[PDB]
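Listed below, chain by chain, are the residues.
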Amino acid sequence: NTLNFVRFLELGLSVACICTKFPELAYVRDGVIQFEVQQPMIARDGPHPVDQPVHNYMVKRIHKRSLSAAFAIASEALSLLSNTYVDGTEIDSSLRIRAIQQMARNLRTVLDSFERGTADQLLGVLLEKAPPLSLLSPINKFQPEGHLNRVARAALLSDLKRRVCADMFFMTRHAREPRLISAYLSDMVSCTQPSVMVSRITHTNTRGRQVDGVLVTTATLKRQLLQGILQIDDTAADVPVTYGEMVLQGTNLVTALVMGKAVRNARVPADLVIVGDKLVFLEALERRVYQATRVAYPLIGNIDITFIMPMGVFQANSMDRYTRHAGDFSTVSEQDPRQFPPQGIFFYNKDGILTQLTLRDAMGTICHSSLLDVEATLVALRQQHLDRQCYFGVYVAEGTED
Amino acid sequence: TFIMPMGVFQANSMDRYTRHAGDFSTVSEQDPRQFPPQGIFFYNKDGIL
Amino acid sequence: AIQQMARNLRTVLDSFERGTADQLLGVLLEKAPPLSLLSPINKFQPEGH
Amino acid sequence: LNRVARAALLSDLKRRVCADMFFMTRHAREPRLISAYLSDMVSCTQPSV
Amino acid sequence: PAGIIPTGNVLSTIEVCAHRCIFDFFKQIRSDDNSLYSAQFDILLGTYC
Amino acid sequence: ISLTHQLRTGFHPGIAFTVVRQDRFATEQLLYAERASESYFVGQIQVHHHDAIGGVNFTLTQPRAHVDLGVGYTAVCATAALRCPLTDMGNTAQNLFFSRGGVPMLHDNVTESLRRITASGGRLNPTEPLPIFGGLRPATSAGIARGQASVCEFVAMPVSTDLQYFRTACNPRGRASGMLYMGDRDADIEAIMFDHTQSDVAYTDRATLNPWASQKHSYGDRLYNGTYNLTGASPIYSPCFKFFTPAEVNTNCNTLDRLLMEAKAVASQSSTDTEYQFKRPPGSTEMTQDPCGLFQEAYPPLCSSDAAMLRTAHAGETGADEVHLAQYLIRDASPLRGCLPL
Amino acid sequence: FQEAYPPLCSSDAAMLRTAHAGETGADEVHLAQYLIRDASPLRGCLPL
C-alpha cells in the first residue's frame, strides 16, 4: 500500500491560526506582543462623580514548544550503504538497492510526521486554551462591566453552579430535538470575542465570503450535526498555500547582536456550515490524522465526578418518622423490622447491578491507630486563649483518714 | 413582600380534618401532629428547605 | 502629548452624544406609568368623576 | 489497550450483544433507524485490494 | 564581547585579576568559553490598537 | 477492638458515616475557535546523530512557538456526549493500614490482630511478606471484569444529622467553604474554612453539620488533610483529598478570571492503567476536566437504605418514596440523570 | 461470554399474571415468593 500524505494547509484547522516562518527561533528569549485598548465614556449628572476615559495596556508573551520524530537504519543496511566489504557486485547491488529503498520509504513517513503533528499540536494548545461554555456564557451575559459587589457575585456563582449542573451532556441528553442543539450552537459561536483583522489572504468559500472559524468534532458528532441540524453552505473552499517568512537583517541584526533586543489560493474539498450568522468550517479529522497510528485522538477527554451518600443516619425527630400509608411495607413479625436504625446503603453499579455498603466496610477506616492520635490536637489546642474556668468536674481528690 | 404565619392553631374542632384515615401514620400511640404547630417551613432562593 | 490630547478630547466630545440618549431614557422611565394600571384605566373609566 | 479499557469494552460488548439481537423483527416500526444501522454495518468493513 | 570596534586603545597591560574590587563586573576565561557564542535576543511581534 | 467486635457481629455503634467516591467518564468534546486565534511560528529542523543497537538513529527536532492574539477569549469548548464510564462504581473500602508514621499501639500483637481482621472482608490489603523499605503495594489479582475499581473513603459524623443536606449537591466536609467567597481581604479563606465563631457561609443558621470533620484539628481534618500527611505512605488515591486541603490561591486577580483559570483542563489526580485507582504517577500527562472540584461540592447519586423501596413494582421506572419508617431514599441529583441505565 | 439469560419465571402462578385483560404481572416479591422479570433478548417476541 502507498501511504497518503496529508498537507497541513488543505486541512480546515489552518483557519484557526496564522503561520509564519522564523529561522532564528532558537535564539529568542522572550517574544512580546503589545496591546493598546481604549474605552468610551458616558456623561451624567446628579449625585454621580464625573468620569474620565480610561486606556488599557496589555502585554502577552510567546510560549515555545517543539516536535520530535525518529528514523532508524539497521546495522546491515548501514554496512551496505557505507560501501565497506564490497564483493560479488551482481548479488550485493540488489541488497544495496533494497537498503536504499527502505531508507527512502522510512524518510518519507518521517518527513510526513511533522505535517501530521502540526494539527495535533494545534488541537492540544486550543484544548488547553478553551474555557467551558457553561461557565463562559452566563458570566459574559449577566455582569455588564465587572467589579461586582458581594451580592451580585454571589448570585452569579449560584447561577453558575445551577448551569454547570444542568447543561453538561447537552448533545446526548436532548438528542431527540434538533432545535435546542442548533440554538446552543449559535450561543457557542456568538459567545466568543473575535481577533485582529490585519492579514493579506484569508480562507474563503467558492463565492468569496470569508469564513470565521473552525468547529472541530468527533466523526459521530459530525454526522449527527450534519444529518439534520446544520445546513450545508458549500463543499469547497479556498486556502492559502504560502506561509510568509521573515528574518532580521540590516539595523535589526546589529540591534539584536549588540543591544540584545529586536523589533519587526487552491480549491480544496471541505464542508462549510452556517451557524447563527457566521460561516464556519466543520472538521472531524480522525481518518486523515490519527488513523493507523499509536496515539490517542483528543476531544475524547475525561471528567471526574464525586458521589456522596449517607450511611447510618437515624432521624432523631419523632415527627420525621412518618409513613405515606398505613399498610405500605407489612411483615409477619409482631415488630415491624424497619423502625430499627439503618446500618447500610444500597446503590447501583456501573452495569446496573445492586450493591451494598454495610457498616463492616468501615473497619478499614475507624479500626486504625489514627483514632487515638490526639497528641497533635492537644498541642495545637494548648496555644489558644484560655480563661480560668472552675474545675469541679475535672478534679480528683485524695482521702484524709476521716 | 411575603407574609407567613407560624403558631396559628385552628381553634374549631370541625376544622381539624384529615383527607384520609391512614395518611401520615407513626409508631407512637399519640400522633405527633395533633399538637399545636411551632414553626413554618419554606423554600430558599436555591430550593433548599 | 498632542496625540494623547486629541485622543482624550475626541471621546470627551463623544460622551455628550452618548449621554443625551441616557438622559432621555432616564426621563422617559421616570415619566411612564405602568401598563398594568394604565390599560384598565383607559377602558373601565370612560370619562371620569 | 490496557486492562481497564478492555474490561469496559467487554461490558459494552455484552450489553450490545443483548441489545441488537433480533434487530429487524424487533424495531420494525422505525424505518429510519434500520437504515441508520445498515449504514453503520456497511461502513465497518475495511476494503480490499 | 559585543563585537563592536574599540573606541580607544588601552595602555599599561598588567595583571588585571589583582585589582578585582574595581569595576562592576569581572569575567576571566582561560582560552575560550561557550558563553562567548550566544546571540539570544528579545523580539517584539507588533502592537495592536 | 470493641468496634471490630460490634461491626463484625451486627451491632450499630453510635456513629454515622458519609462516603465519598470519585468516578471517571469518557466524554466526546466539541471545540470552536476564531480566525486569528493563534499566531504560529515555525523554526528550523535540526537532526541529532544518535547510536543504536547496531546502527544509527536520527532524531529530527523542530522548535515552534504560539501566541494567543485575542483580547478576550477566542476558543470555547464544551462536553457534548457521554461514552462508557471507564471506572467501576463498586464497594471497595479504603484500607488505612497502608499508612505508616502515626503513633502505634503498645502491644504489637493487638496491632497485628487488628490488621488481620481488617484484611478479612476486603479486596485491597498490604501483602503478607510486609516488605520493609518498600511501597506497600496491594497484592495483584486476576483479570478485572467491569473496569477500574474506585475506592470509597469514610468520614465519621453524628447520627442525628439533617438528612436534607444530602438530598442536594452538598459538601462532604460538613461545612461549605472554598475559594469562591472573598471581596474584603486576603486572609479570609482560613476564616471561612476553620473559624467557627461565625456561621456557615451557605446554610446561614449554624456553624457546621458535623463537628468531627470540620474544625482545624478534628478527626477528619487530622486524617484526610494533605498538610499533615498521615496517609502519605498510601499508594491509593483518596477521593476526598480535594475537599479538605487548603488550596494555594493568589488574590491578585478577581474572582471570575481566577475561576475561569481554574475551570480549564487540569491534570489528572488518579491512575487509568492500574486496577485500584492509585495515586498520580509522576511524569504522566493526562488532562481531565474537573467539575465539582472548583466548586468544592459533590453530587448525591440514587441511593437508598433498603432494596425494597429502591425499585417499585410496575415494570418500569424505579421508586420515588422519600422515607418510609426509618429508612430513606435520596433521588438522583447528579448530572447523570438521563444516562447510566438501570 | 459464559453467561445465561434469565427468562420470565415466578414462584407462584398468582403474580405471574395480573387482572387487567392485557399484560402480565410485575410484582417482584410478595411475601416469600419471587418473580424474575425477563432479561433475555426475547422481550418483544414469543407471545404470551
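Residues numbered from 1 in each chain as written, not as in the entry; some residues may be left out. Chains lettered and ligands numbered in written order. Part of a larger assembly, values for the part shown. Heavy atoms only, no water. Residues with missing side-chain atoms left out of burial classes, pairs and counts.

Its PDB header attributes the entry to cryo-EM and lists the resolution as 3.7 Å.

## Description of the overall build of chain E
When its secondary structure is counted, chain E shows zero helices and one strand. Projected onto its principal axes, the C-alpha positions of chain E cover 55 × 25 × 25 Å. (Helix = DSSP H or I, 4+ residues; strand = E, 2+ residues; numbered from the N terminus.)

## Some words on the overall build of chain A
Summing up its helical and strand segments, chain A has ten helices and 13 strands in all. Relative to its length of 402 residues, chain A is extended, with a C-alpha radius of gyration of 35 Å against a globular reference of 21 Å. With the C-alpha coordinates aligned to their principal axes, the bounding extent of chain A is approximately 120 × 85 × 60 Å. (Rg over C-alpha atoms; globule rule 2.2 N^0.38 Å.)

## Structural notes on the interface of chain F and chain A
Facing 161 residues of chain F, the contacting portion of chain A comprises 148 residues. For the side of chain F that touches chain A, the element with the most residues is strand 1 (residues 16-28) of chain F, which contributes 13 residues. In terms of residue class, the side of chain F that touches chain A is built from 92 nonpolar, 46 polar and 23 charged. Pairing analysis gives nine bridges linking strand 11 (residues 302-310) of chain A to strand 1 of chain F, with the strands arranged antiparallel. (Contact = heavy atoms within 4.5 Å. Nonpolar A, V, L, I, M, F, W, Y, C, P; charged D, E, K, R; others polar. Pairing = 2+ DSSP bridges.)

## Here we look at the packing of helix 4 (residues 150-166) of chain A against helix 5 (residues 255-262) of chain F
Two numbers describe how helix 4 of chain A lies on helix 5 of chain F: the axes approach to 12 Å, and their chain directions differ by 25 degrees. For the element pair helix 4 of chain A / helix 5 of chain F, the angle class is roughly parallel. When you trace helix 4 of chain A past helix 5 of chain F, the crossing you get is right-handed. Contacts between helix 4 of chain A and helix 5 of chain F involve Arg153, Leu156, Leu157 and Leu160 of chain A from the former and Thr255, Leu256 and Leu259 of chain F from the latter. (Axes fitted to C-alpha atoms, helices over the stretch in contact; angles between N-to-C directions. Parallel < 35°, antiparallel > 145°, perpendicular 65-115°, else oblique. Left-handed = near helix turned anticlockwise from the far one by under 90°.)

## Some words on the side chain of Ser182 of chain A
All names here are of chain A. Inspection of the secondary structure assignment puts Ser182 in helix 6 (residues 178-189). The exposure class assigned to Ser182 is buried, which follows from its relative accessible area of 19%. Once you skip the residues sitting within four places of it in the chain, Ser182 turns out to touch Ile229 and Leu230. (Buried < 20%, exposed > 50% of the residue type's maximum accessible area, 1.4 Å probe, protein only.)

## Things to note about the packing of helix 3 (residues 133-142) of chain A against helix 4 of chain A
Residues and elements named next belong to chain A. Remark: helix 3 packs on helix 4, axes separated minimally by 9 Å, with the N-to-C direction vectors making an angle of 145 degrees. Helix-helix and strand crossings are classified by hand; for helix 3 and helix 4 the assignment is right-handed. Contacts between helix 3 and helix 4 involve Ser134, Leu135, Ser137, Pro138, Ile139 and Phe142 on the former and, on the latter, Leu156, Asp159, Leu160, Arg163 and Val164. Of the residues belonging to the contact of helix 3 with helix 4, the class tally is seven nonpolar, two polar and two charged.

## A word on the sheet that holds strand 6 (residues 75-77) of chain F
Within the open sheet, the seven strands sit side by side as 5(A)-7(A)-9(A)-10(A)-6(A)-2(F)-6(F). Their pairing is mixed. Lying at the two open borders of the sheet, with one neighbouring strand each, are strand 5 (204-205) of chain A together with strand 6 of chain F. As paired elements, strand 6 (residues 213-216) of chain A and strand 2 (residues 31-34) of chain F share four bridges and run antiparallel to each other. Across the sheet, the residue bridging to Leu215 of chain A is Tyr32 of chain F, located in strand 2 of chain F.

## Notes on the side chain of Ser14 of chain A
Residue and element names in this part refer to chain A. Its location among the elements puts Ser14 in the segment before strand 1 (17-21). Judged by its relative accessible area of 3%, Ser14 is buried. Looking at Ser14, its side chain comes within polar contact range of the main-chain oxygen of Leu11, at 3.2 Å. (Polar contact = N/O pair within 3.5 Å; in protein donor to acceptor, adjacent residues only side chain to side chain.)

## Quick notes on the state of the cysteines
Tallying each qualifying case throughout the model produces zero disulfides over all chains. Left unpaired, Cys44 of chain D is separated from the closest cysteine sulfur, that of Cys84 of chain F, by 16 Å. (Disulfide = S-S within 2.5 Å.)

## With respect to the sheet that holds strand 12 (residues 303-304) of chain F
Read across the sheet, four strands follow the order 13(A)-12(A)-12(F)-13(F) without closing on themselves; strand pairing throughout is antiparallel. Strands at the two margins of the open sheet, each flanked by one partner only, are strand 13 (354-358) of chain A together with strand 13 (329-330) of chain F. Note that strand 12 of chain F and strand 13 of chain F share two bridges and pair antiparallel. Across the sheet, the residue bridging to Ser304 of chain F is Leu329 of chain F, located in strand 13 of chain F.

## A closer look at unusual backbone geometry
For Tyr85 of chain A, which is not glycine, the phi torsion reads 55 degrees and is therefore positive. By secondary structure assignment, the location of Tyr85 of chain A is in the loop between helix 1 (75-81) and helix 2 (92-129). Positive phi, normally seen in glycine, also occurs at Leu340 of chain F, with a value near 55 degrees. For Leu340 of chain F, the position within the fold is in the segment after strand 13.

## With respect to the arrangement of the chains
The pair of protein chains exhibiting the most contacts, out of ten pairs of chains in contact, is chains A and F. Spatially, chain B and chain C are disjoint, and the shortest separation between their C-alpha atoms is 19 Å.

## Considering the packing of aromatic side chains
This model, assessed by the stated rule, comprises twelve aromatic pairs over all chains. Measuring from centroid to centroid gives 5.7 Å for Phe35 of chain A and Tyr48 of chain E, while their planes differ by 35 degrees, and the two rings are tilted. Of this pair, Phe35 of chain A sits in strand 2 (residues 32-38) while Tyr48 of chain E sits in strand 1 (residues 42-48), placing the two residues on different chains. Ring centres of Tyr276 of chain F and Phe278 of chain F lie 6.3 Å apart, and the angle between their planes is 40 degrees; this geometry places the pair in the tilted category. Accessibility expressed as a relative area gives 17% for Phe278 of chain F, which makes it buried. Put simply, the rings of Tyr165, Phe166 and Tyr203 of chain F pair up and form one aromatic cluster. (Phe/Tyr/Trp six-rings, centres within 6.5 Å; stacked < 30°, edge-to-face > 60°.)

## Description of the pattern of salt bridges
Across all of its chains, the model carries 32 salt bridges over all chains by this definition. Here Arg311 of chain F ties to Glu28 of chain G by a salt bridge, and the two come within 2.4 Å at their closest N and O atoms. In this pair, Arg311 of chain F sits in the loop between helix 6 (307-310) and strand 13 while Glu28 of chain G sits in the loop between strand 1 (9-10) and strand 2 (35-36), so the two residues belong to two different chains. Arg311 of chain F sits in the partly exposed class, given a relative accessible area of 34%. Residue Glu28 of chain G is classed as buried on the basis of its relative accessible area, which comes to 17%. Salt bridges here are not isolated pairs; linked through shared partners, they connect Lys60 and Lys129 of chain A together with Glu38 and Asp68 of chain F. (Salt bridge = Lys/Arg side-chain N within 4 Å of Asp/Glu carboxyl O.)

## Overview of the pairing of strand 8 (residues 87-93) of chain F
All names here are of chain F. Counting buried residues along strand 8, five of its seven residues qualify, which places the element largely inside the surrounding structure. Two elements, strand 8 and strand 9 (residues 148-157), share four bridges in a ladder whose sense is parallel. Residue pairing in the sheet places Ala93 in a bridge with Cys152 of strand 9.

## Quick word on the environment of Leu31 of chain F
With respect to the helices and strands, the residue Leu31 of chain F is situated in strand 2. Between the alpha carbons of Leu31 of chain F and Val76 of chain F there is a distance of 5.8 Å; along the sequence they are 45 residues apart. Here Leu31 of chain F is in contact with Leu126, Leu127, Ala130, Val214, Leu215, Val216 and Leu299 of chain A together with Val76 and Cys77 of chain F, once residues within four sequence places are set aside.

## Concerning the pairing of strand 6 of chain A
Walk down a regular strand and you will see the side chains alternate between the two sheet faces. All names here are of chain A. Alternating positions in strand 6 separate into two faces, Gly213 and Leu215 on one and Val214 and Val216 on the other, with burial throughout. In the sheet, strand 6 pairs with strand 10 (residues 278-281) via two bridges, with the strands oriented parallel. Bridging across to strand 10, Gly213 finds its partner in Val280.

## Here we look at a nonpolar patch on the surface
Judged by side-chain polarity, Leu253, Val254, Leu257, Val258 and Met259 of chain A together with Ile4 and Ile5 of chain E come together as a nonpolar surface patch covering roughly 710 Å² of accessible area. One can find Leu253 of chain A in helix 8 (residues 251-259). Relative accessible area serves as the criterion here: at 40%, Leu253 of chain A is assigned to the partly exposed category. (Patch = residues over 30% accessible without salt bridge, like charges linked within 9 Å, V, L, I, M, F, W, Y side chains within 5 Å. Areas by Shrake-Rupley, 256 points an atom, 1.4 Å probe, with all protein chains shown as cover.)

## With respect to helix 4 of chain A
Structurally, the α-helix is built with 3.6 residues per turn, so residues lying three or four positions apart point the same way. Compared with an ideal rise of 1.5 Å per residue, which puts 17 residues at 24 Å, helix 4 of chain A spans 24 Å between its outermost C-alpha atoms and is within 8% of the ideal. Every buried residue belonging to helix 4 of chain A is among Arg153, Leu156, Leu157, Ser158, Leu160, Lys161, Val164 and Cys165 of chain A, and all of these are buried. Looking at the buried residues of helix 4 of chain A, the elements they touch are helix 3 and helix 5 (170-173) of chain A together with helix 5 of chain F. (Expected span 1.5 Å × (residues − 1).)

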